[PDB]
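One chain follows as C-alpha cells, the form deposited in one PDB entry.
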C-alpha cells in the first residue's frame, strides 16, 4: 500500500512543518508557514496533484517539533514533513527520507569576546540545546565521554534555545550551523553573535515519510532532483540566504456600493530600531471623481511588498521606492480605464503635510507598470528635512498599479475609475501614538497618473517612535541571513542523493 492512495481518496494531504527552523520552516509574523524547505514542500504537493490528477487537492499543514516528529509520523498524524530533519541511519529504522535538500555542520553560537572558541571551552559551562535533536545527543555524549561537567539546558525549540543564550542563561547554543544563523538573524543585536567551533557532525536534511512507500518517496525524490538540477534550488538559496526576506502586507478590500467605491483595512508594522514594532492601523475609503460607471468588486485583497533605498547623488532628504503588488482572494478589457495601464505610465506624487504643527511638502516622480504590478518612484522633501520618518508616509504616497490576475479583472475598481480618477481617504492610527488623516485625488492629468495628497497628523508624542525618528529605514519587516553557500551544497545541487552522511 501507499499513502498516495490515502491522499487520493481523502482529497487532502496532511503535511508537517516546523515552528522555528529559520529560514527553512517557520512562522512569519503573519503566522504563515514559510521557508526554504516549505518551498520544496509546496513543490512536492503540486507534484502530488499532478500525479493523482487531482488539481483541487487540499493541503493541511500541521506543526511538529524535533521531539514529536517520529511519534506523529508513526501514528499517521501527518503524511510527510519537510523542515530541518536530519536523515541518519538510526532514524531510517523508524522512517524513510527523501533526497537531501540541505547539508549542515553542528556548531556553537556564542557572544563575541568570550572564552568560547571551540567545544572544549564548554567545560563547566551552562550550554543550551534544543530537545530531541541530533545536537542534544551529541552534546550529552561529549559531556559524558570527556567528563566536561556542563549544565545542559534542553529547550523546547530553536527560538527558545537562542533566547536562553541571548538572556545570558547559557554561554553557547549548539545546533546545526545554518539554524544558528537563522536564530541570529532574528536577534535584537545580530552583530553580537558568532558561530564557532569544529563541527561535531555533518548532517543531511531530508523530507520524512513512513517506511515502505517507494512510490511516495519517488515522487518526492523526482521533484527534489528536478528543482536541484534545473538550478531552481540555487535560486531558492539566494532568495532565503542572500536577499532580504520580506513579509507581504494584505490590503483587505470590500465594496462600498452606496459611494460607488470601495473601503479597505490593513495593518502595517514598522520596524523600530530597538527591535520592537510600531503598529499603524489603516482605514481607507475610495470614491470615484467621475459620475460614470466603475467596477464594483467582490471582497479581495492586495498583496504588497516595498523596498526603500537611497539615491547616492541626492543630498536632499529623499526616498527611493520600488513596490510590487498583486491582487488575490478570489479563486478560479473589463473597463475602459484598464486600457490606460497596459504600458508604462508616468507618475507624479505631490504631498502637503502638517504633523503636530510641523509643515512639510513632498514631491515624487517615476513610472508604474501595472502589467507586472510594479512601481518605481523617487521622493524628495521639497521643504527641507522631513519631520517624520519616510516609512510612515509610504502608504500615503496609487493602487491602480496593482496587478490584477486575468480572472479578477472585473474587480479592479482602481483602474476603472480612470481617467477621471478617485478620492482616497485614510485614517492611520499609530498604536500608543498619534493619527494621520489623509485625503488624496488620484487621476490622470494628460498622460500622467497624479497622486495629490493633503495629510494632517495630530496627537503625536515628541518622544514617540514617529516624532522621535526611531523607525528603521525599511518596509515589510526584513530578515537578512548571514550564511554562505558551502562547497557541500554546491556539490549537492549537481548530484541529488538521499544518503545519510
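Rigid core (definition): largest C-alpha set, two forms, superposition within 1.5 Å. Shifts are known only where both forms have a C-alpha. Numbering follows the first chain given and starts at 1.
Form deposited in another entry: not shown, discussed below.
Among the candidates 259, 267, 359, 123, displacement between the shown form and the other one reaches 2 angstroms at the C-alpha for one position only, 123 (superposition on the rigid core). Once both forms are fitted on their core, the CA shift for residue 295 between the shown form and the other one remains under 2 Å.
The two forms, fitted on the rigid core, differ between the shown form and the other one by less than 2 Å at the CA of residue 422.
Put the two forms on the same core and the Cα of residue 65 is off by 2 Å or more between the shown form and the other one. Relative to this conformation, an increase of 3 Å or more in the Cα-Cα distance between residue 238 and residue 309 is found in the other entry. Panel note: the distance between the CA atoms of residue 181 and residue 309 is larger in the other entry than in this form, the difference being 3 Å or more. Fitting the two forms on their rigid core shows CA movement of 2 Å or more between the shown form and the other one over runs of at least three residues at 1-247, 478-501.
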